[PDB]
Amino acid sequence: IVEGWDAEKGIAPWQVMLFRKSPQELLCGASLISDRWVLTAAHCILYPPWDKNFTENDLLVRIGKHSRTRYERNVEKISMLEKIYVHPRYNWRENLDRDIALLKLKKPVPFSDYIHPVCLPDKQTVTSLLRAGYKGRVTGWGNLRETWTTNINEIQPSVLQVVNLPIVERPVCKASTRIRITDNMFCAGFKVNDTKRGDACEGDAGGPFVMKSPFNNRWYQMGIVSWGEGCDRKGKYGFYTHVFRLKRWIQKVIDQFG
């Protein structure tokens, strides 16, 4: 997260860490949507060009974390995965269209003050809040800047970061990149000349872009951090998987269990 700030404990209890077993590595962010299912980005799991195709036996999820590197004994929970389901029409070759995957936990995870699921959006919530200028919040343990100056450590956070970002008009998103933007994605970030700056970065992918509905006071996950061209580059915006649009697929997989 660039230009974000340290998270308060429990500020995003659905935040999950996708952790590679070997070598040990923080791969991406992710979100808890129930005590058995976790949502993340498909490119965090499958990417043929780099021979990437992680299976359920290759990774773990760490739930309830705050520190990026410490083992938060008695607070976090480390779970194995039973199965992983990548969207069948995820377009890795061209634009990462439908960048979403569901991870099914081996055992359901007990909730706590630091472990609690986020809501998936309904039509009403999407039509009233997913509009240009409305702010969503992104969290993650990703890099603090696109790159470092002197030492690598200056850009690795010690704890989970949070940043608030405004949704950007579709024509503007389209004009900012050569990539073909589909209806399955939306973009956010401050304009080429706002006071504020902020964006997701390397390591935040798969994490959630959330909004708090004024209608029922609940937090909804409207997007999944998907991709960007650099981090916090003026004139560029971060792109997100439009979760509501892929809700039917989520429902299909869950009740089918893939």
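In this text, residue numbers run from 1 along the sequence as written.
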Stretch exceeding the other in mean C-alpha B-factor - 190-198, 30-38: 190-198
Using only the Cα atoms and their B-factors as the entry lists them, report which of 107-115 and 160-168 averages higher. 107-115
For the C-alpha B-factor as written in the entry, point me to the maximum among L81, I78, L130, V86. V86
Sorting the chain's modelled residues by C-alpha B-factor, tell me whether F54 ends up in the lowest, middle or highest third. middle
Entry-reported Cα temperature factor of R68, expressed as the chain third it lands in: middle
Of the three thirds of the chain ranked by Cα temperature factor, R178 occupies the middle
Ranking the modelled residues of this chain by C-alpha B-factor as given in the entry, is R233 in the lowest, middle or highest third? highest
Chain thirds by Cα B factor, record data; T125 belongs to the highest
